[PDB]
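Take a look at the letters that make up each chain.
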Amino acid sequence: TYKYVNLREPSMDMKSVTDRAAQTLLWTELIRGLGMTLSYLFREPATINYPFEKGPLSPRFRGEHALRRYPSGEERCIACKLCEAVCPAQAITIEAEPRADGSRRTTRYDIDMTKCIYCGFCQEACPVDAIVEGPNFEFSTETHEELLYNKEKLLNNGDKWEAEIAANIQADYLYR
Amino acid sequence: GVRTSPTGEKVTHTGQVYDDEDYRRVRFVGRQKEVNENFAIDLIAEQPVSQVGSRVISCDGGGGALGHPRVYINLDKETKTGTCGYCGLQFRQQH
Amino acid sequence: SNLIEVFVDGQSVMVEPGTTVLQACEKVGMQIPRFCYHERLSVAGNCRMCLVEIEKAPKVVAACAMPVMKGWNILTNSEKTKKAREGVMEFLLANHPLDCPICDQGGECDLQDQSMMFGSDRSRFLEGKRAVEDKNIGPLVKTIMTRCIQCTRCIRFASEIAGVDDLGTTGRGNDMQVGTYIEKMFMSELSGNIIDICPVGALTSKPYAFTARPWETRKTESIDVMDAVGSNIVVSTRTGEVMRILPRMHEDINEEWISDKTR
Amino acid sequence: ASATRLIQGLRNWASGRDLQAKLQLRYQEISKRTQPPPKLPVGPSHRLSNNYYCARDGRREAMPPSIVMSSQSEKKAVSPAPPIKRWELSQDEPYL
Amino acid sequence: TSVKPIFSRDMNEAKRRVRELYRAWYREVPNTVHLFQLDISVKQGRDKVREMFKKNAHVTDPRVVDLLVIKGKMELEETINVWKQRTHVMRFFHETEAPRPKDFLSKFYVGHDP
Amino acid sequence: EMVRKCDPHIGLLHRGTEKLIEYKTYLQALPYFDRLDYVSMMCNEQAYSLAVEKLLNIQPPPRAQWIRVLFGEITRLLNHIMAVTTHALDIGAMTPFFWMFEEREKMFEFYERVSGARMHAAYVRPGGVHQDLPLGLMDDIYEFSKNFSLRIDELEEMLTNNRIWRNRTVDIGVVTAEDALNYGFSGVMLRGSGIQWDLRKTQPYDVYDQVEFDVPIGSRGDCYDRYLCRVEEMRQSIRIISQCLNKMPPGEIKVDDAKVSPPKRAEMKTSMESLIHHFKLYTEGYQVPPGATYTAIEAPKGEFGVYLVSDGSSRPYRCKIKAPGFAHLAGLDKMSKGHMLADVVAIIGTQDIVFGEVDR
Amino acid sequence: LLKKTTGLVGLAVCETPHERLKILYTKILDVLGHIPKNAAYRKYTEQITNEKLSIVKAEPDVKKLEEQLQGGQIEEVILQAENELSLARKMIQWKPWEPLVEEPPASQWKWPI
Amino acid sequence: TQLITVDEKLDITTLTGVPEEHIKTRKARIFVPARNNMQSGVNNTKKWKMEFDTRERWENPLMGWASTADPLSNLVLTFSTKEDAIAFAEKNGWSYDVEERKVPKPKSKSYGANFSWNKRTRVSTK
Amino acid sequence: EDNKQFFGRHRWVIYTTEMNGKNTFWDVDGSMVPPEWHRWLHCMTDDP
Amino acid sequence: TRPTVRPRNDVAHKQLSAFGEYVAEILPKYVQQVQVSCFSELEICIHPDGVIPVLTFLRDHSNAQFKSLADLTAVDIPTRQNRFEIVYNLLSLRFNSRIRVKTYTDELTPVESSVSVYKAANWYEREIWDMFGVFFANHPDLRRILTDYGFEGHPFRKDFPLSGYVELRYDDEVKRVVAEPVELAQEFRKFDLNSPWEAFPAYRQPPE
Ligand code: SF4
Ligand code: SF4
Ligand code: SF4
Ligand code: SF4
Ligand code: FES
Ligand SMILES: [K+]
Ligand SMILES: [Zn+2]
């Protein structure tokens, strides 16, 4: 249940001593290393052609956040504040009131994406699949406050990415 | 269902708009106020009231485990429809 | 002294005659679960969540209403006490609606909390739940009666402390509904305290409705100034804004109630 | 995979290893990106009877630490456990 | 009220350690102004040392001033050896901070702080 | 040329992690552990999971324990690739870095397929794992492991018999066994000095008493034997991964105590008890009984410990994080005496140092 | 048989382990005689030292002495005998068989608070 | 001897590194927290808390968030007794004020009182 | 597609020269891919 | 209680209890409590004058051989008058066991440094100084190790706020990173998560 790395006493007969002296004087392991580097010279490189090729992702991927809707246009978030209760960065800020038809909806739904640790606890805490974390990772900004998302940005991300978000949830909801 | 203040600024579905004398309109100067134009209170109002023949109906938002928790809606009031607390779809007992 | 000796989990405790099993367990620092019991209301005994085992007694007793006999050993943590608790919590949650996210009582719910502490962790209820018609009792108390567990703290408060006698139970069986039976508007001067003593989300505050949630509120302990009673209150605030006003317990002033103006 | 047999033989010679049997680039041998839907199993507490939670309550069987000594014969000296058994050398590959 | 000492049995040994620490800082201040190339004068840094020592001039417990001498030696060791940068040395001189309102009336004017 | 005194000044990544843990729940404080030894994410997850499960008096299901051991050895392959390749890239050999990070890229794809994040998965949780394996993941782990031996072989072709690599590591950083025990060293820092000690053997956790692996032991206490120990640990991680792929059991992946682990989203939306338990686990969290534990696992850097104190509530009271790099970098000052300034970077390579776990 | 290496780095191979262990064990007992008889450290260490000394005297072999002293290699058994001797010389100075120096405060080890 | 005699009041305000603004102008409140009247549980009313005076919380100009400048605005401590709390407040130089513990008075509960012959304490329903 | 390429190269996009008014002849962007093709291009599915 | 409950290790519990009796009767000058947890961990609670005798005994005794210092930790408990709880986690490789040694101090009483027993402790108790302010007497190089160089206060004390008292930014006027009093654009929102119902009846503290 254990093995000894580097507990080999070398053979001291003239054959092995001449082997090690030929290794010293004729640089045999150095030519071995040159041969291994030369072997990688003639391989096809592992380089993908970004942006025209994309790295492989799964339907579980945790990228940009989005607020979703039912298949009626009604937004799924019913202001229950589980996602900011579980948010380990406290990146989520929610206010709420009954809207004009008496429905429990949010007035504020902020996610500071620069506090956010992208761990998907909000999408697993959400009882109505409202907040999800979409597949978008190509959303670098040029200013810090463009990453301080309010509810309108998250609803636009939901409307923007729903055709993909719904298919990824369709692929992964039986594991959840 | 976005409407517009007399300053030209769009109004969100919350009702938020900046005032005429509020300085914080300068953040949209040369840029845009991003609102979503699909108001949920207008979109759920377009769904027709579901006529059902039972005294109690259930709703889970469609999709089984993809919707919301399954709640049971009473329909004894004939004056008012029974509305889902999660999805806002509304129901009426047909008798 | 005429104190009798009773035992809570074998620990000796001297109680007054007339003490219930729940108060005898309270004297040793143990809180028996309850839904209908409230120490300022009359004893109902109709939720059966307080069912505790007396040893050498083949039947669990309602600890809110049963007086302690001398020499009883109250087994608050025994196996059939726990089976009684899990069974009664199963029947409490059988017809209870799945409203915990859209409920204002969520996070500060007795039914949630002692379902976590004393219930099981899953369901055997494979049937369709009931749905109760909502009642309109005024602009202050929002009423969603599917969440009612029929603990009748309503009726006891409005009958005894508010002195109104206009809430009750109509119907019978699982169709038993708490309400006014007519389109009546329950407007007492103390009418918002049924929000406090509703253990579940069947009676919530209509101005506070949907706005906040209890874990994110900061509880500041202050005084009422709406009248000269000096009612001790908790002003709960969230992010620099006042959210609601809850009472503090003060036995000499406002015992644990406040008026609707204060609230 | 698209390497010609001359470059493939040169590459195998300079590495000293057969490199086509173990390629580090992935091809059609990997799993399909579209999978059938699973049917996941449930745990042993998904039962309708003999399933009282107090008979499987893990958090409530934790007890406070038993105080052995407190300040409020010819008994054998003890160790915290028996001494650790000496490890056996590998039968698979000892490097001996 | 029988406590284990740190270094000083009573306040006279404690003041001896305060005095030696002050001597060490007073010797060090010209070197600190030179090699950190501070924009202060040597008299100004020595006034800051005297200010930091007069800040703790109310302490009557030997163990507390033993810890004050220990933390002052740690500050000195971080300043002699160049472990602090120029910014850490200039954090004693609150230069970018606005002058706080002192009297009742200006504190009333700006806000709610007492 | 000589080094007389080597004083590492740390805290340049001190973030006050284990004060931020005190104001968060146990599930909320779990993703702090991905960010400690950030090349060893699921191993630190497994350590914290074992600490919270040891306090909660619950155990993970068998399939969750096999998933934890599988991904712990995948994590060990990740960390020893990082160790050997940056230890070569600082000495100067820059090419096997680029060779082994394609295999490391494929293991980050395994993490992303199982969790959605390539590094900080938050996957191994108290109670088991968060989510089950997606279908076809184990086949691709097989296709990775079937070829990875050749990758270790050609790394070992580039470095092990090379005279220039050996002249940088053979007489460098010699640690005696008694000083390695005294200075709090752990893992390969002990096993390169000939100390037969490994927590997966002596104090075995989840299902490491059911897998079958050898433990490489050095002989001279130097940088070169610790290099060989890390390479042979990659070999034996491939062996454990083959055994985990063949011996994966069916079953659930969380503890079926829904007062600890959340119910499924299908039954959260159907059952009342399940919705209450989902609510109270994702807002309050599960309460842990009061007590203090020291749970330690064999991380790829050494003994990774959690001294976790609970006060009965749903947040940790104290959570001290024992990390290998702290004690190893404390021992850096002894390990570099009589050596040269070039030997110091080889000693910081043989002590596998990541300053997230050094600083917290 | 002349063990070639102990395997532990810095642990030199002892040529005569039996005589070294006999000297160390009798020297531990000589030092340990300076402790009072009611001290449990004296009784326990005399007990385990007499057991180890009987095992050392009763086995001429070194390998079987390793398997029944049950303490690893024989050179680290020698090292632990040295550590026990140094400990006993420190325990004479500390006198830790004396009564408790101070009771703790009343709720000092009470967890949770 | 190796034990000295310190006859002084225990004051560690110079050692804690807290600025003088947040020592001499803050008011600690030492109290048992009141029971949440939304609930019947009494487990949160067992320990003594120390909080401070709430300072200003203003609106963030960008996002509307609640900005603060008070460092001690989230600082709540937990004590077993009142005297430990007072000793900790006096040791750190904090000005404090103490509310005494409010226990509910013992009630005389009678289920038979709900069905009396000649008293007003009959229930009209059940 | 080219399924004889290795996994990562086997699916690719040639970006358009004008998307929503911007000349993207040289200014191609990773976020020019619409969400229905974003699953297929990132290999979240086998299905275009 | 088979599948979901952690199985109890009775053998190790009995062995660690017997070894706790052993350590308590060899060192009664310093040992105050000995307790074994339900998950089989042995804690020795000692008086702080016996840091060097108890640790040197556990390091050098033939039936201990706790040669490895795993971790060294302070815990701040403000309701105790000796608020700092210094925890020693030791590892025996000979007997394959772990022991916890615990002792106490307040802000002013020093603990004797244990670098003469374990050289691992050199940075650990220096971290305890940096984070808690517990001074360790007769330490080789005691100073800060993790906080910034001008840092005031000890951050892991529980009366120290989460965000501290000062924050940094670059200031272009003085060409220098400066320290200014801390102001959050969003305050850390404190969540009162504790349930009003008792969770663990076995841990119920007796009333007054
Ligand atoms: S992914 Fe995590 S950190 Fe980000 S908003 Fe969701 S819960 Fe918060
Ligand atoms: S958890 Fe979901 S429904 Fe609840 S507040 Fe958050 S996004 Fe809205
Ligand atoms: S009353 Fe309680 S259990 Fe019922 S829906 Fe509301 S929070 Fe949930
Ligand atoms: S509404 Fe509330 S207080 Fe009234 S009977 Fe029902 S559960 Fe009880
Ligand atoms: S509490 Fe006794 S039955 Fe309701
Ligand atoms: K209520
Ligand atoms: Zn619905």
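If you check the header, you'll see the entry was determined by cryo-EM and the resolution is listed as 2.8 Å.

**Some thoughts on the overall build of chain D**
Scanning chain D for helices and strands turns up one helix and one strand. In summary, chain D has a C-alpha radius of gyration of 31 Å against a globular reference of 12 Å for 96 residues, an excess of more than 25%. Taken along its principal axes, the extent of the C-alpha atoms in chain D is 85 × 55 × 25 Å. Taking all 96 residues of chain D together, 33% fall into the buried category. Within the structure as shown, chain D displays about 6200 Å² of accessible surface, and the carbon and sulfur contribution to it stands at 56%. Here chain D contributes 16 positively and 8 negatively charged side chains, and the mean placements of these two sets differ by 10 Å.

**As for the interface of chain J and chain F**
If you look at the interface, chain J gives 61 residues, while chain F gives 60 residues. Taken together, the two surfaces of chain J and chain F that pack against each other cover about 5100 Å², and 57% of this comes from carbon and sulfur. In this assembly, chain J and chain F are joined by five salt bridges. Two residues, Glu303(F) and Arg98(J), come together in a salt bridge whose shortest N-O distance is 2.7 Å. Applying the counting rule to chain J against chain F returns 27 residue pairs in polar contact. Of all the secondary structure elements, the ones that give two or more residues to the side of chain J that touches chain F are β3 (68-76), β4 (84-92), β5 (97-105) and α3 (121-132) of chain J. For the side of chain J that touches chain F, the leading source of residues is β3(J), giving nine residues. Taken together, the residues that form the side of chain J that touches chain F break down as 35 nonpolar, nine polar and 17 charged.

**Describing the pattern of salt bridges**
Residues and elements named next belong to chain B. If you walk through the whole model with that rule in mind, you get 125 salt bridges over all chains. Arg24 serves as the salt-bridge partner of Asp22, at 2.9 Å between the closest nitrogen and oxygen. Taking the relative accessible area as the measure of exposure, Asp22 reaches 18% and is therefore buried.

**Digging into the site of ligand 1**
Near ligand 1, the surroundings consist of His65(A), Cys87(A), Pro88(A), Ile92(A), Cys116(A), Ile117(A), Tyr118(A), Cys119(A), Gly120(A), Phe121(A), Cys122(A) and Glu133(A). A per-class count over the shell around ligand 1 returns nine nonpolar, two polar and one charged.

**Focus: the interface of chain I and chain A**
In this complex, chain I contributes 21 residues to the contact, which on the side of chain A involves 25 residues. The tally of links between chain I and chain A comes to two salt bridges. For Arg9(I), the salt bridge goes to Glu53(A), with nearest N and O atoms at 3.1 Å. Partitioning the side of chain I that touches chain A into residue classes produces twelve nonpolar, six polar and three charged.

**Notes on unusual backbone geometry**
Residues and elements named next belong to chain A. That bond from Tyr50 to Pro51 is cis: its omega, 5 degrees, falls within 30 degrees of zero. By the element assignment, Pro51 lies in the loop between α2 (28-41) and β2 (65-67). Phi at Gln90 takes a positive value of approximately 50 degrees, unusual for a residue other than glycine. Structurally, the position occupied by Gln90 is in the loop between α3 (82-86) and β3 (92-98).

**Examining the arrangement of the chains**
Where the 27 pairs of chains in contact are concerned, the greatest contact count is recorded for chains F and J. Nowhere do chain C and chain G come into contact; their C-alpha atoms are at least 15 Å apart. With no contact between them, chain B and chain I keep their nearest C-alpha atoms 17 Å apart.

**A short note on the coordination of the potassium ion (ligand 6)**
All names here are of chain C. Coordination of the potassium ion (ligand 6) by the protein comes from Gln105 (OE1), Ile195 (O), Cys198 (O), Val200 (O) and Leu203 (O), over a distance range of 2.8 to 2.9 Å. In the primary structure, the donors to the potassium ion (ligand 6) are separated according to the pattern Q-x89-I-x2-C-x1-V-x2-L. You can call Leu203 buried: its relative accessible area is 4%.

**Thoughts on the packing of aromatic side chains**
Using the criterion set out here, one finds 48 aromatic pairs over all chains in the structure. Ring centres of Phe104(E) and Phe108(E) lie 6.3 Å apart, and the angle between their planes is 15 degrees; this geometry places the pair in the stacked category. Of the two residues, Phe104(E) and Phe108(E) both sit in helix α5 (residues 104-110), four residues apart, roughly one turn of that helix. Note on accessibility: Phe104(E) and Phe108(E) belong to one class, exposed. Directly above the aromatic system of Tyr175(A) lies the positively charged group of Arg60(A), at a separation of 4.7 Å from the ring centroid. In this arrangement the basic side chain of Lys142(C) is found over the ring face of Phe210(C), its NZ or CZ atom lying 3.8 Å from the centre.

**Details of the coordination of the zinc ion (ligand 7)**
All names here are of chain B. Protein-derived coordination of the zinc ion (ligand 7) comes from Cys59 (SG), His68 (NE2), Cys84 (SG) and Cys87 (SG), at a distance range of 2.0 to 2.3 Å. Bound by four donor atoms, the zinc ion (ligand 7) shows angles of 93 to 119 degrees at the metal and therefore tetrahedral coordination geometry. Counting gaps between the donor residues of the zinc ion (ligand 7) yields the pattern C-x8-H-x15-C-x2-C. Here the residue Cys59 occupies a position in strand β2 (residues 56-59), and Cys87 occupies one in the loop between β4 (82-83) and β5 (90-93), the gap between them amounting to 28 residues. Judged by its relative accessible area of 5%, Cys59 is buried. In this structure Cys87 comes out as buried when scored by relative accessible area, which is 2%.

**A word on the nonpolar core**
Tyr109(A), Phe33(F), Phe71(F), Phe304(F), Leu21(G), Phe57(J) and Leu58(J) are the most contacted members of the largest nonpolar core, which totals 354 residues. Three or more residues apiece are contributed to this core by two domains, here domain 1 (1-212) and domain 2 (213-263) of chain C. Core analysis: the second largest hydrophobic core is formed by 19 residues, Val18(H), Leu77(H), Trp94(H) and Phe160(J) among them.

**Points about the sheet that holds strand β10 (residues 218-223) of chain C**
Whenever strands of a sheet pair, they do so through backbone hydrogen bonds, lying parallel or antiparallel. All names here are of chain C. Taken together, the three strands give an open sheet; going across it, the order is β10-β11-β12, and neighbouring strands pair in antiparallel fashion. Single-partner strands in this sheet number two, and they are β10 and β12 (241-247). Between one strand axis and the next, the sheet turns by 30 degrees as a mean value, whatever way the strands run. Across six bridges, the pairing between strand β11 (residues 232-238) and β12 is antiparallel. Counterpart to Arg238 in the pairing with β12 is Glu241.

**Quick word on the sheet that holds strand β2 (residues 42-46) of chain J**
Strand order across the open sheet formed by six strands is β1(D)-β1(J)-β2(J)-β5(J)-β4(J)-β3(J), with mixed pairing between neighbours. Strand pairing shows two members of the sheet lacking a second neighbour, β1 (66-69) of chain D together with β3 of chain J, which therefore form its edges. For this sheet, the mean inter-axis angle between neighbouring strands, taken without regard to orientation, is 25 degrees. Taken together, the five bridges between strand β1 (residues 31-36) of chain J and β2(J) define a ladder with antiparallel strand orientation.

**Considering helix α1 (residues 17-32) of chain G**
Residue and element names in this part refer to chain G. In a regular helix each residue adds 1.5 Å, so 16 residues correspond to 22 Å; α1 covers 22 Å between its end C-alpha atoms and thus fits that length. Those residues of α1 that sit buried are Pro17, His18, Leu21, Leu24, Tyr25, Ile28, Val31 and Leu32. Angularly, the buried residues of α1 cover 165 degrees about the axis, an arc narrow enough to put them on a single face.

About the criteria used
Residues numbered from 1 in each chain as written, not as in the entry; some residues may be left out. Chains lettered and ligands numbered in written order. Part of a larger assembly, values for the part shown. Heavy atoms only, no water. Helix = DSSP H or I, 4+ residues; strand = E, 2+ residues; numbered from the N terminus. Rg over C-alpha atoms; globule rule 2.2 N^0.38 Å. Buried < 20%, exposed > 50% of the residue type's maximum accessible area, 1.4 Å probe, protein only. Areas by Shrake-Rupley, 256 points an atom, 1.4 Å probe, with all protein chains shown as cover. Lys, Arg positive; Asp, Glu negative; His and termini not counted. Charge placed at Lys NZ, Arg CZ, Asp CG, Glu CD. Contact = heavy atoms within 4.5 Å. Buried area = accessible area lost by both parts, 1.4 Å probe. Salt bridge = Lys/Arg side-chain N within 4 Å of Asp/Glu carboxyl O. Polar contact = N/O pair within 3.5 Å; in protein donor to acceptor, adjacent residues only side chain to side chain. Nonpolar A, V, L, I, M, F, W, Y, C, P; charged D, E, K, R; others polar. Near = heavy atom within 4 Å. Donors = N, O, S within 2.8 Å, 3.2 Å for Na, K, Ca; no water. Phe/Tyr/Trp six-rings, centres within 6.5 Å; stacked < 30°, edge-to-face > 60°. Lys NZ or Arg CZ within 6 Å of the ring centre and 35° of its normal. Tetrahedral: all angles 85-135°; square planar, octahedral: opposite > 155°, others 65-115°. Core = buried A, V, L, I, M, F, W, Y, C linked by side-chain atoms within 4.5 Å. Domains from an automatic or database assignment. Pairing = 2+ DSSP bridges. Axes fitted to C-alpha atoms, helices over the stretch in contact; angles between N-to-C directions. Expected span 1.5 Å × (residues − 1). Arc of directions from axis to C-beta.

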